[PDB]
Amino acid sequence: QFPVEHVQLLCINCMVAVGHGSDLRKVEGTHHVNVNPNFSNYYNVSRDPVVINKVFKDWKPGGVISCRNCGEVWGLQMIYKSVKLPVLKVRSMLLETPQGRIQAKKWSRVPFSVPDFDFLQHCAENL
């Protein structure tokens, strides 16, 4: 396990640095989203939204998110209680750590702790 400040995020395909492990938060203790507003500069969002045959209480899908540099698909946009959040697939984010680059197979098993998303907190850091 590494302190989260020592873990950076890179696109698994083109390997450009696109984020920081410290910007990740969990939604419903499962989905991992990046809450840093500067992260938006590293991905594109598809015109049409992802179609899901189910209705969720607090969120609805937005478009597909992909690396702005190479087009690699990273996951999708989650519109949580009206707030847009990029949900990342763990395999899409190559981890840059003190022991080298690591490709994790499950968010629940990455070598660092991630805090649960807190809406109130998110509003503080962004208003």
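From 1 onward, residues are counted along the sequence shown.
- The stretch with the higher mean CA B factor, choosing between 56-64 and 83-91, is 56-64.
- The deposited model assigns a higher average Cα B-factor to 45-53 than to the other stretch when 45-53 and 95-103 are compared.
- In the deposited entry, the Cα temperature factor of residue 30 sits in the middle third of values across the chain's modelled residues.
- Annotation for residue 37: C-alpha temperature factor in the highest third relative to the rest of the modelled chain, per the entry.
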